[PDB]
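J.: Contents of input_37.pdb (PDB, C-alpha atoms and all ligand atoms) are given next:
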```
ATOM      1  CA  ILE R   1    -108.630 -14.999  31.458  1.00  0.00           C
ATOM      2  CA  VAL R   2    -110.144 -17.994  33.223  1.00  0.00           C
ATOM      3  CA  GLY R   3    -108.270 -19.512  36.179  1.00  0.00           C
ATOM      4  CA  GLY R   4    -105.571 -16.885  36.113  1.00  0.00           C
ATOM      5  CA  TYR R   5    -104.498 -14.390  38.703  1.00  0.00           C
ATOM      6  CA  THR R   6    -104.469 -10.641  39.118  1.00  0.00           C
ATOM      7  CA  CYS R   7    -101.300  -9.550  37.329  1.00  0.00           C
ATOM      8  CA  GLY R   8    -100.679  -6.582  39.590  1.00  0.00           C
ATOM      9  CA  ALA R   9    -100.909  -3.054  38.321  1.00  0.00           C
ATOM     10  CA  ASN R  10     -98.663  -2.476  35.319  1.00  0.00           C
ATOM     11  CA  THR R  11     -96.790  -5.749  35.714  1.00  0.00           C
ATOM     12  CA  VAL R  12     -97.504  -6.419  32.027  1.00  0.00           C
ATOM     13  CA  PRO R  13     -96.569  -2.977  30.686  1.00  0.00           C
ATOM     14  CA  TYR R  14     -96.890  -3.963  26.978  1.00  0.00           C
ATOM     15  CA  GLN R  15    -100.484  -5.037  27.560  1.00  0.00           C
ATOM     16  CA  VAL R  16    -102.841  -2.608  25.927  1.00  0.00           C
ATOM     17  CA  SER R  17    -106.599  -2.407  26.027  1.00  0.00           C
ATOM     18  CA  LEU R  18    -108.263  -1.564  22.800  1.00  0.00           C
ATOM     19  CA  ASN R  19    -111.179   0.710  23.495  1.00  0.00           C
ATOM     20  CA  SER R  20    -114.093   1.812  21.176  1.00  0.00           C
ATOM     21  CA  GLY R  21    -116.124   3.229  24.060  1.00  0.00           C
ATOM     22  CA  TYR R  22    -115.431   0.096  26.114  1.00  0.00           C
ATOM     23  CA  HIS R  23    -112.627  -2.452  26.281  1.00  0.00           C
ATOM     24  CA  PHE R  24    -113.081  -4.945  23.440  1.00  0.00           C
ATOM     25  CA  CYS R  25    -109.681  -6.521  22.866  1.00  0.00           C
ATOM     26  CA  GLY R  26    -106.162  -6.592  24.146  1.00  0.00           C
ATOM     27  CA  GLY R  27    -103.100  -5.762  22.110  1.00  0.00           C
ATOM     28  CA  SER R  28     -99.391  -5.674  22.764  1.00  0.00           C
ATOM     29  CA  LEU R  29     -97.221  -2.573  22.421  1.00  0.00           C
ATOM     30  CA  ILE R  30     -94.341  -3.473  20.152  1.00  0.00           C
ATOM     31  CA  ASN R  31     -92.894   0.004  19.884  1.00  0.00           C
ATOM     32  CA  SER R  32     -93.872   3.506  20.925  1.00  0.00           C
ATOM     33  CA  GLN R  33     -96.240   3.906  18.006  1.00  0.00           C
ATOM     34  CA  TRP R  34     -97.364   0.357  17.185  1.00  0.00           C
ATOM     35  CA  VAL R  35     -99.591  -2.203  18.760  1.00  0.00           C
ATOM     36  CA  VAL R  36    -100.112  -5.739  17.567  1.00  0.00           C
ATOM     37  CA  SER R  37    -103.473  -7.316  18.065  1.00  0.00           C
ATOM     38  CA  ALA R  38    -105.748  -9.939  16.468  1.00  0.00           C
ATOM     39  CA  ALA R  39    -107.151  -9.119  13.070  1.00  0.00           C
ATOM     40  CA  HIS R  40    -110.521 -10.241  14.462  1.00  0.00           C
ATOM     41  CA  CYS R  41    -110.235  -7.204  16.789  1.00  0.00           C
ATOM     42  CA  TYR R  42    -110.270  -4.897  13.843  1.00  0.00           C
ATOM     43  CA  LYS R  43    -112.615  -1.957  14.210  1.00  0.00           C
ATOM     44  CA  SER R  44    -112.614   1.695  13.192  1.00  0.00           C
ATOM     45  CA  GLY R  45    -112.175   4.298  15.906  1.00  0.00           C
ATOM     46  CA  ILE R  46    -109.909   2.359  18.162  1.00  0.00           C
ATOM     47  CA  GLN R  47    -108.374   4.057  21.104  1.00  0.00           C
ATOM     48  CA  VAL R  48    -105.381   2.242  22.507  1.00  0.00           C
ATOM     49  CA  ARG R  49    -105.179   2.379  26.273  1.00  0.00           C
ATOM     50  CA  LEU R  50    -101.731   1.804  27.603  1.00  0.00           C
ATOM     51  CA  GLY R  51    -100.572   1.738  31.274  1.00  0.00           C
ATOM     52  CA  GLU R  52    -103.958   0.244  32.186  1.00  0.00           C
ATOM     53  CA  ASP R  53    -104.645  -1.861  35.149  1.00  0.00           C
ATOM     54  CA  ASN R  54    -108.176  -1.295  36.250  1.00  0.00           C
ATOM     55  CA  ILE R  55    -109.768  -0.486  32.881  1.00  0.00           C
ATOM     56  CA  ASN R  56    -112.731   1.130  34.609  1.00  0.00           C
ATOM     57  CA  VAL R  57    -110.801   3.504  36.838  1.00  0.00           C
ATOM     58  CA  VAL R  58    -108.239   6.170  36.000  1.00  0.00           C
ATOM     59  CA  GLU R  59    -105.358   5.176  38.235  1.00  0.00           C
ATOM     60  CA  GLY R  60    -102.778   7.606  36.930  1.00  0.00           C
ATOM     61  CA  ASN R  61    -100.515   5.630  34.589  1.00  0.00           C
ATOM     62  CA  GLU R  62    -102.760   5.521  31.557  1.00  0.00           C
ATOM     63  CA  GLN R  63    -102.049   6.859  28.149  1.00  0.00           C
ATOM     64  CA  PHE R  64    -104.942   6.851  25.782  1.00  0.00           C
ATOM     65  CA  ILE R  65    -103.958   7.245  22.183  1.00  0.00           C
ATOM     66  CA  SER R  66    -106.149   6.946  19.145  1.00  0.00           C
ATOM     67  CA  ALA R  67    -105.160   4.653  16.309  1.00  0.00           C
ATOM     68  CA  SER R  68    -104.124   6.471  13.158  1.00  0.00           C
ATOM     69  CA  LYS R  69    -104.014   3.322  11.099  1.00  0.00           C
ATOM     70  CA  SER R  70    -105.028  -0.319  11.368  1.00  0.00           C
ATOM     71  CA  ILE R  71    -103.373  -2.869   9.136  1.00  0.00           C
ATOM     72  CA  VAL R  72    -104.970  -6.235   9.079  1.00  0.00           C
ATOM     73  CA  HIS R  73    -102.762  -9.035   7.882  1.00  0.00           C
ATOM     74  CA  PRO R  74    -102.922  -9.311   4.043  1.00  0.00           C
ATOM     75  CA  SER R  75    -104.003 -12.928   4.385  1.00  0.00           C
ATOM     76  CA  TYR R  76    -106.277 -12.620   7.365  1.00  0.00           C
ATOM     77  CA  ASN R  77    -109.216 -14.935   6.873  1.00  0.00           C
ATOM     78  CA  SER R  78    -112.061 -14.070   9.207  1.00  0.00           C
ATOM     79  CA  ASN R  79    -113.823 -17.395   8.609  1.00  0.00           C
ATOM     80  CA  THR R  80    -110.918 -19.510   9.807  1.00  0.00           C
ATOM     81  CA  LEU R  81    -109.034 -16.850  11.739  1.00  0.00           C
ATOM     82  CA  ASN R  82    -105.938 -17.860   9.800  1.00  0.00           C
ATOM     83  CA  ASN R  83    -103.428 -14.964  10.036  1.00  0.00           C
ATOM     84  CA  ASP R  84    -105.314 -13.419  12.923  1.00  0.00           C
ATOM     85  CA  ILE R  85    -102.974 -10.484  13.344  1.00  0.00           C
ATOM     86  CA  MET R  86    -103.253  -6.792  12.881  1.00  0.00           C
ATOM     87  CA  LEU R  87    -101.040  -3.820  13.504  1.00  0.00           C
ATOM     88  CA  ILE R  88    -102.384  -0.628  14.877  1.00  0.00           C
ATOM     89  CA  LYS R  89    -100.357   2.510  14.563  1.00  0.00           C
ATOM     90  CA  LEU R  90    -100.928   5.126  17.248  1.00  0.00           C
ATOM     91  CA  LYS R  91    -101.641   8.722  16.257  1.00  0.00           C
ATOM     92  CA  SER R  92     -98.815   9.760  18.534  1.00  0.00           C
ATOM     93  CA  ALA R  93     -95.969   7.908  20.117  1.00  0.00           C
ATOM     94  CA  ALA R  94     -96.653   6.413  23.521  1.00  0.00           C
ATOM     95  CA  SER R  95     -94.507   7.900  26.199  1.00  0.00           C
ATOM     96  CA  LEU R  96     -92.483   4.833  27.135  1.00  0.00           C
ATOM     97  CA  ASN R  97     -91.910   4.375  30.825  1.00  0.00           C
ATOM     98  CA  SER R  98     -91.832   1.479  33.320  1.00  0.00           C
ATOM     99  CA  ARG R  99     -95.625   1.004  33.088  1.00  0.00           C
ATOM    100  CA  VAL R 100     -95.884   1.469  29.313  1.00  0.00           C
ATOM    101  CA  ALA R 101     -93.201  -0.638  27.678  1.00  0.00           C
ATOM    102  CA  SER R 102     -92.914  -2.439  24.384  1.00  0.00           C
ATOM    103  CA  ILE R 103     -92.540  -6.212  24.145  1.00  0.00           C
ATOM    104  CA  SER R 104     -89.939  -7.763  21.887  1.00  0.00           C
ATOM    105  CA  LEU R 105     -90.986  -9.599  18.791  1.00  0.00           C
ATOM    106  CA  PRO R 106     -89.699 -13.157  18.478  1.00  0.00           C
ATOM    107  CA  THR R 107     -86.587 -13.711  16.405  1.00  0.00           C
ATOM    108  CA  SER R 108     -87.673 -17.307  16.209  1.00  0.00           C
ATOM    109  CA  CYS R 109     -90.591 -19.508  17.194  1.00  0.00           C
ATOM    110  CA  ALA R 110     -91.251 -20.912  20.639  1.00  0.00           C
ATOM    111  CA  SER R 111     -91.516 -24.599  21.321  1.00  0.00           C
ATOM    112  CA  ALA R 112     -94.057 -26.838  22.892  1.00  0.00           C
ATOM    113  CA  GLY R 113     -93.717 -26.772  26.643  1.00  0.00           C
ATOM    114  CA  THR R 114     -92.440 -23.182  26.757  1.00  0.00           C
ATOM    115  CA  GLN R 115     -94.241 -21.349  29.525  1.00  0.00           C
ATOM    116  CA  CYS R 116     -95.915 -18.161  28.495  1.00  0.00           C
ATOM    117  CA  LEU R 117     -97.707 -15.309  30.138  1.00  0.00           C
ATOM    118  CA  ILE R 118    -101.137 -14.653  28.697  1.00  0.00           C
ATOM    119  CA  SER R 119    -102.986 -11.619  29.961  1.00  0.00           C
ATOM    120  CA  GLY R 120    -106.155  -9.663  29.402  1.00  0.00           C
ATOM    121  CA  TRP R 121    -109.341  -8.208  30.724  1.00  0.00           C
ATOM    122  CA  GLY R 122    -111.405 -10.954  29.184  1.00  0.00           C
ATOM    123  CA  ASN R 123    -114.091 -13.050  30.773  1.00  0.00           C
ATOM    124  CA  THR R 124    -112.893 -14.880  33.908  1.00  0.00           C
ATOM    125  CA  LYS R 125    -115.684 -17.497  33.775  1.00  0.00           C
ATOM    126  CA  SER R 126    -115.698 -20.716  31.709  1.00  0.00           C
ATOM    127  CA  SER R 127    -119.445 -20.957  32.389  1.00  0.00           C
ATOM    128  CA  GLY R 128    -121.260 -17.640  32.222  1.00  0.00           C
ATOM    129  CA  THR R 129    -119.693 -14.201  32.336  1.00  0.00           C
ATOM    130  CA  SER R 130    -117.676 -12.041  34.656  1.00  0.00           C
ATOM    131  CA  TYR R 131    -115.462  -9.345  33.315  1.00  0.00           C
ATOM    132  CA  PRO R 132    -112.650  -8.268  35.613  1.00  0.00           C
ATOM    133  CA  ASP R 133    -111.672  -4.675  35.990  1.00  0.00           C
ATOM    134  CA  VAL R 134    -107.992  -5.307  36.616  1.00  0.00           C
ATOM    135  CA  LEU R 135    -105.671  -7.180  34.303  1.00  0.00           C
ATOM    136  CA  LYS R 136    -105.650 -10.909  34.649  1.00  0.00           C
ATOM    137  CA  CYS R 137    -102.688 -13.123  33.960  1.00  0.00           C
ATOM    138  CA  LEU R 138    -102.206 -16.744  33.170  1.00  0.00           C
ATOM    139  CA  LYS R 139     -99.065 -18.754  32.912  1.00  0.00           C
ATOM    140  CA  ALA R 140     -99.617 -21.435  30.299  1.00  0.00           C
ATOM    141  CA  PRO R 141     -97.408 -23.736  28.320  1.00  0.00           C
ATOM    142  CA  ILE R 142     -97.431 -23.948  24.597  1.00  0.00           C
ATOM    143  CA  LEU R 143     -99.021 -27.245  23.671  1.00  0.00           C
ATOM    144  CA  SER R 144     -97.689 -29.556  21.004  1.00  0.00           C
ATOM    145  CA  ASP R 145     -99.081 -28.842  17.584  1.00  0.00           C
ATOM    146  CA  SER R 146    -100.387 -32.376  17.474  1.00  0.00           C
ATOM    147  CA  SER R 147    -102.462 -31.924  20.648  1.00  0.00           C
ATOM    148  CA  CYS R 148    -103.601 -28.554  19.260  1.00  0.00           C
ATOM    149  CA  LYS R 149    -104.733 -30.040  15.958  1.00  0.00           C
ATOM    150  CA  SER R 150    -106.224 -33.038  17.784  1.00  0.00           C
ATOM    151  CA  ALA R 151    -108.217 -30.589  19.906  1.00  0.00           C
ATOM    152  CA  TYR R 152    -109.448 -28.648  16.908  1.00  0.00           C
ATOM    153  CA  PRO R 153    -109.444 -30.972  13.952  1.00  0.00           C
ATOM    154  CA  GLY R 154    -109.291 -29.194  10.643  1.00  0.00           C
ATOM    155  CA  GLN R 155    -108.981 -25.712  12.192  1.00  0.00           C
ATOM    156  CA  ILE R 156    -105.395 -25.267  13.243  1.00  0.00           C
ATOM    157  CA  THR R 157    -103.055 -23.841  10.661  1.00  0.00           C
ATOM    158  CA  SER R 158     -99.307 -23.344  10.765  1.00  0.00           C
ATOM    159  CA  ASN R 159    -100.125 -19.783  11.908  1.00  0.00           C
ATOM    160  CA  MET R 160    -101.728 -20.930  15.081  1.00  0.00           C
ATOM    161  CA  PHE R 161    -100.673 -22.668  18.208  1.00  0.00           C
ATOM    162  CA  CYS R 162    -102.451 -23.899  21.291  1.00  0.00           C
ATOM    163  CA  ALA R 163    -101.403 -22.917  24.762  1.00  0.00           C
ATOM    164  CA  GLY R 164    -102.894 -23.835  28.058  1.00  0.00           C
ATOM    165  CA  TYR R 165    -104.162 -26.917  29.791  1.00  0.00           C
ATOM    166  CA  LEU R 166    -106.074 -29.708  28.180  1.00  0.00           C
ATOM    167  CA  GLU R 167    -107.601 -30.393  31.639  1.00  0.00           C
ATOM    168  CA  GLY R 168    -109.540 -27.159  31.307  1.00  0.00           C
ATOM    169  CA  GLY R 169    -109.870 -24.540  33.997  1.00  0.00           C
ATOM    170  CA  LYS R 170    -107.170 -22.177  32.740  1.00  0.00           C
ATOM    171  CA  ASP R 171    -107.449 -20.300  29.469  1.00  0.00           C
ATOM    172  CA  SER R 172    -107.860 -16.983  27.803  1.00  0.00           C
ATOM    173  CA  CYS R 173    -111.389 -16.025  26.881  1.00  0.00           C
ATOM    174  CA  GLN R 174    -113.599 -13.445  25.180  1.00  0.00           C
ATOM    175  CA  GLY R 175    -112.202  -9.973  25.862  1.00  0.00           C
ATOM    176  CA  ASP R 176    -108.630 -11.332  25.970  1.00  0.00           C
ATOM    177  CA  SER R 177    -108.711 -11.484  22.165  1.00  0.00           C
ATOM    178  CA  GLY R 178    -105.806  -9.680  20.559  1.00  0.00           C
ATOM    179  CA  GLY R 179    -103.779  -9.728  23.696  1.00  0.00           C
ATOM    180  CA  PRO R 180    -100.314 -11.067  24.335  1.00  0.00           C
ATOM    181  CA  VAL R 181     -98.874 -14.458  24.831  1.00  0.00           C
ATOM    182  CA  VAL R 182     -95.340 -13.717  25.940  1.00  0.00           C
ATOM    183  CA  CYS R 183     -92.803 -16.479  26.252  1.00  0.00           C
ATOM    184  CA  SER R 184     -89.219 -15.963  27.327  1.00  0.00           C
ATOM    185  CA  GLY R 185     -89.532 -12.207  26.895  1.00  0.00           C
ATOM    186  CA  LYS R 186     -91.000 -12.363  23.396  1.00  0.00           C
ATOM    187  CA  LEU R 187     -94.515 -11.816  22.011  1.00  0.00           C
ATOM    188  CA  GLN R 188     -95.089 -15.310  20.614  1.00  0.00           C
ATOM    189  CA  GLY R 189     -98.835 -15.372  20.553  1.00  0.00           C
ATOM    190  CA  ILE R 190    -101.910 -13.270  20.147  1.00  0.00           C
ATOM    191  CA  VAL R 191    -105.117 -14.358  21.817  1.00  0.00           C
ATOM    192  CA  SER R 192    -107.071 -15.555  18.838  1.00  0.00           C
ATOM    193  CA  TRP R 193    -109.759 -18.103  19.499  1.00  0.00           C
ATOM    194  CA  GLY R 194    -110.938 -21.275  21.124  1.00  0.00           C
ATOM    195  CA  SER R 195    -113.986 -23.287  21.866  1.00  0.00           C
ATOM    196  CA  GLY R 196    -115.705 -21.680  24.931  1.00  0.00           C
ATOM    197  CA  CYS R 197    -112.971 -21.016  27.453  1.00  0.00           C
ATOM    198  CA  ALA R 198    -110.984 -23.225  29.820  1.00  0.00           C
ATOM    199  CA  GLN R 199    -112.999 -26.202  28.628  1.00  0.00           C
ATOM    200  CA  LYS R 200    -111.430 -29.642  28.806  1.00  0.00           C
ATOM    201  CA  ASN R 201    -109.533 -30.527  25.592  1.00  0.00           C
ATOM    202  CA  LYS R 202    -110.226 -27.098  24.069  1.00  0.00           C
ATOM    203  CA  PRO R 203    -107.101 -25.063  24.728  1.00  0.00           C
ATOM    204  CA  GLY R 204    -106.656 -21.493  23.668  1.00  0.00           C
ATOM    205  CA  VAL R 205    -105.655 -20.917  20.086  1.00  0.00           C
ATOM    206  CA  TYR R 206    -103.126 -18.196  19.508  1.00  0.00           C
ATOM    207  CA  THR R 207    -101.800 -16.504  16.464  1.00  0.00           C
ATOM    208  CA  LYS R 208     -98.248 -17.713  15.987  1.00  0.00           C
ATOM    209  CA  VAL R 209     -96.475 -14.330  15.996  1.00  0.00           C
ATOM    210  CA  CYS R 210     -93.075 -15.698  15.059  1.00  0.00           C
ATOM    211  CA  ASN R 211     -94.524 -16.396  11.601  1.00  0.00           C
ATOM    212  CA  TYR R 212     -95.235 -12.701  11.196  1.00  0.00           C
ATOM    213  CA  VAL R 213     -92.118 -10.998  12.408  1.00  0.00           C
ATOM    214  CA  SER R 214     -90.912 -10.172   8.880  1.00  0.00           C
ATOM    215  CA  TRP R 215     -94.327  -8.801   7.978  1.00  0.00           C
ATOM    216  CA  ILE R 216     -94.573  -6.848  11.219  1.00  0.00           C
ATOM    217  CA  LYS R 217     -91.120  -5.319  10.890  1.00  0.00           C
ATOM    218  CA  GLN R 218     -91.576  -4.564   7.176  1.00  0.00           C
ATOM    219  CA  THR R 219     -95.011  -3.099   7.721  1.00  0.00           C
ATOM    220  CA  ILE R 220     -93.889  -0.941  10.587  1.00  0.00           C
ATOM    221  CA  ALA R 221     -90.798   0.189   8.639  1.00  0.00           C
ATOM    222  CA  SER R 222     -93.013   1.168   5.722  1.00  0.00           C
ATOM    223  CA  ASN R 223     -95.716   2.870   7.737  1.00  0.00           C
TER     224      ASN R 223
HETATM  225  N1  LIG R 301    -110.686 -20.113  24.786  1.00  0.00           N
HETATM  226  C1  LIG R 301    -109.990 -19.145  24.352  1.00  0.00           C
HETATM  227  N2  LIG R 301    -108.684 -19.211  24.490  1.00  0.00           N
HETATM  228  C2  LIG R 301    -110.661 -17.978  23.673  1.00  0.00           C
HETATM  229  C3  LIG R 301    -111.999 -18.172  23.354  1.00  0.00           C
HETATM  230  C4  LIG R 301    -112.709 -17.167  22.720  1.00  0.00           C
HETATM  231  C5  LIG R 301    -112.111 -15.962  22.395  1.00  0.00           C
HETATM  232  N3  LIG R 301    -112.958 -15.109  21.771  1.00  0.00           N
HETATM  233  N4  LIG R 301    -112.782 -13.829  21.695  1.00  0.00           N
HETATM  234  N5  LIG R 301    -113.648 -12.982  21.377  1.00  0.00           N
HETATM  235  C6  LIG R 301    -115.020 -13.095  21.065  1.00  0.00           C
HETATM  236  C7  LIG R 301    -115.548 -12.045  20.322  1.00  0.00           C
HETATM  237  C8  LIG R 301    -116.894 -12.014  19.983  1.00  0.00           C
HETATM  238  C9  LIG R 301    -117.738 -13.040  20.388  1.00  0.00           C
HETATM  239  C10 LIG R 301    -119.190 -12.962  19.986  1.00  0.00           C
HETATM  240  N6  LIG R 301    -119.503 -12.587  18.751  1.00  0.00           N
HETATM  241  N7  LIG R 301    -120.103 -13.233  20.816  1.00  0.00           N
HETATM  242  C11 LIG R 301    -117.225 -14.101  21.146  1.00  0.00           C
HETATM  243  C12 LIG R 301    -115.862 -14.127  21.485  1.00  0.00           C
HETATM  244  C13 LIG R 301    -110.757 -15.736  22.698  1.00  0.00           C
HETATM  245  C14 LIG R 301    -110.036 -16.761  23.346  1.00  0.00           C
HETATM  246 CA    CA R 302    -107.330   2.568  34.313  1.00  0.00          CA
END
```
Output the file's structure as structure tokens, nothing else.

T.:
Amino acid sequence: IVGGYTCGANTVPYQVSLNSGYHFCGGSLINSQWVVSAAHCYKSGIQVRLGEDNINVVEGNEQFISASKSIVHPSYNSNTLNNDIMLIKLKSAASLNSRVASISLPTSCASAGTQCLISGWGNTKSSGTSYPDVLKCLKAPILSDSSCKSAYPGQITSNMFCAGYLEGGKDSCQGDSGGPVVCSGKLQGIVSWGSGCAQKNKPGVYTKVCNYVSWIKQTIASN
């Protein structure tokens, strides 16, 4: 997260870190046994780390649970990142508590202008690299689809939206991938992609979760 702020320990209790020996993506807990992340975060041997704040220090609220199953969206296209969404089932149910909480799926889509909370342990620099240890947060509005598609001609699909600040300075970034964009109490976005980070006229691109709620619910119900 570039230009964000320190969330505060466990203030984003649905935020998970996906770990394969190191943090490599965020993900959002959607129930005790399921995380949603970006399909581009897919790897074998994922451990989901819940209750994390400082991802490099055991602070006492963590639950580390291995994934039993990863389900990448049927139509995920890694070239275009269209349908950049994946479900990860945990080997065992997370113990839900105030610091490890699920986030509601949308029942409908969010609108341009809606303010969202984007969070992650991704790079905090737009030039160069600094990875934070504690969770970073960014409040960012959903941008009109037209500004999104103007920003990234030929790359934005109906399964994507832009959020952030065309001015630059405030964005998600590498390492935030897969993490939540939560708007009005619902997971509306997954950190998906962008050009660099917090660059002028290159807002964050986010998987449009509300397109996937049927698939998520059906997939979870069947798995
Ligand atoms: N500007 C953003 N919103 C944004 C930009 C990039 C982004 N990328 N995530 N992850 C990512 C993963 C791997 C590489 C790599 N092969 N070197 C680079 C980036 C996630 C969000
Ligand atoms: Ca920790």

J.: Quick one: residues within 12 Å of (-102.4, 1.7, 22.1) (file frame), counting all atoms listed in the file, please, as an MDAnalysis selection string.

T.: chainID R and resid 13:20 23 25:37 45:52 62:70 87:96 100:102 178:179

J.: List the residues selected by the PyMOL selection byres (((chain R and resi 191-205) around 7) and not hetatm) in the file shown, writing them as a PyMOL selection string.

T.: chain R and resi 2+38+84+126+151+160-173+176-181+189-190+206-207

J.: Hey, can you check how far CA of residue 147 in chain R sits from CA of residue 3 in chain R?

T.: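 Computed distance, CA of residue 147 in chain R to CA of residue 3 in chain R, equals 20.7 Å.
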
J.: Taking only C-alpha atoms into account, which of R:98, R:141, R:41, R:157 comes nearest residue 188 in chain R?

T.: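 Answer, going by the shortest atom-to-atom distance: R:141.
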
J.: When you count all atoms listed in the file, which of these residues is closest to ligand LIG 301 (chain R): R:155, R:6, R:174, R:44?

T.: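 Among R:155, R:6, R:174, R:44, it is R:174 that comes nearest to ligand LIG 301 (chain R).
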
J.: One decimal, in Å: what's the spacing between CA of residue 175 in chain R and CA of residue 86 in chain R?

T.: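 For CA of residue 175 in chain R relative to CA of residue 86 in chain R, the distance reads 16.1 Å.
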
J.: Please enumerate the residues selected by the PyMOL selection byres (((chain R and resi 75) around 12) and not hetatm) when evaluated against the supplied file, formatted as a PyMOL selection string.

T.: chain R and resi 39+71-74+76-86+159+212+215

J.: Using all atoms listed in the file, can you tell me which of R:108, R:129, R:61, R:211 comes closest to residue 158 in chain R?

T.: R:211
